[PDB]
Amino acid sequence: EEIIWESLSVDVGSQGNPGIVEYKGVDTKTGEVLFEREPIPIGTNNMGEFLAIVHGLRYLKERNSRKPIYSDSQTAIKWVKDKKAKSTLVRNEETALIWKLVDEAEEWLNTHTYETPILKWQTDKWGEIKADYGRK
């Protein structure tokens, strides 16, 4: 504890896992939706969580914002730290789009710098992350 309210919170939403994947980022303090990705026909929860963080990094950098990012995903936080999304999802024609986006997100991480702290949202203490889709 406690919550850094001056922050950006991100989350994935899906229909199936693997299944249709989307994500969004919100102002933690107000819940204002700041970005939303068009649904991607097949992906995994963790791919979406990863893309959401990287999109947040790009969004904040473009706006010269030093706010931290909250994610509830232990997995995605680690993938971003490593600059490598270690997904098990088969690479085939059906999954080409999500894998293109993941590949491109890794590529962005490997060609840009950032100081943005990427913080674990402590769901057990604070409840659902403010970017949550409310589907569970």
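One-based numbering along the sequence shown.
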| query | finding |
| --- | --- |
| Between 123 to 131 and 15 to 23 (mean CA B-factor, as deposited), the higher | 123 to 131 |
| Mean C-alpha temperature factor, higher of 86 to 94 and 37 to 45 | 86 to 94 |
| From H55, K61, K29, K67, residue of greatest CA B-factor | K29 |
| Cα B factor band for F50 (lowest, middle or highest third within the chain) | lowest |
